[PDB]
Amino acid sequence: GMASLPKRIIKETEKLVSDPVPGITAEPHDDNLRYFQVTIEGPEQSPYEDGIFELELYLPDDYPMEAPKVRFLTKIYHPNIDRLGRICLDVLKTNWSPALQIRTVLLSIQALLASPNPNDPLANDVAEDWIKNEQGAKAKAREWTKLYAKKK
C-alpha cells in the first residue's frame, strides 16, 4: 500500500542481505539510498558465464510508482544493451507496478543475459548479427566478456 520511500528502500535493502539473489550483489550508498551499486555474474552456459558485470541503479523520487533507472557500467555485446549501458526490459516500462521490487528488476536482467531477445532490439547492429549469425554473435560475446568483464 504505502510507506515513505526511504522506509521502502530500507525494507528492500534489509531483505537483499537477509537473503540475497544467487549470483548478484546489490548495495546502496549510505550517502544516497537511491543509488545502488550492482554486480551480476554471467549465467551458466551463456556467452557471459565467465565474467562479472557492474551496474548502476537509481530509485527515482516517485518510486515505486516510477520504475528504477538502470545503466550497465560494463561493456557488453548484447542485443538489448546499447553502447551507453541502457537496457530494454518490459518490467522497467510496460510491466512495472508498485508491487514489484528491486529484486524483481535484478532477476529480470539476470534472465536477460541468459536469454537475449534480438527481435525487440536496442543495439540494432548486434541484433541482426544475433539473428543471422548466431554462433558468431556468441563468439563475439564470449570474446568481449574476456576483454571487458574482468574475471570470475
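Start at 1 and count along the sequence shown; that's the residue number. Rigid core (definition): largest C-alpha set, two forms, superposition within 1.5 Å.
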| item | value |
| --- | --- |
| Greater root mean square CA deviation, 88-96 compared with 107-115 in 4 other deposited structures of this protein, core aligned | 88-96 |
| Greater root mean square CA deviation, 135-143 compared with 12-20 in 4 other deposited structures of this protein, core aligned | 12-20 |
| Which of 139-147 and 125-133 has higher mean CA B factor, as the PDB entry lists it | 139-147 |
| Given 107-115 and 91-99, the range whose Cα B-factors average higher in the PDB entry | 91-99 |
| Modelled-residue ranking by C-alpha temperature factor, third containing residue 29 | highest |
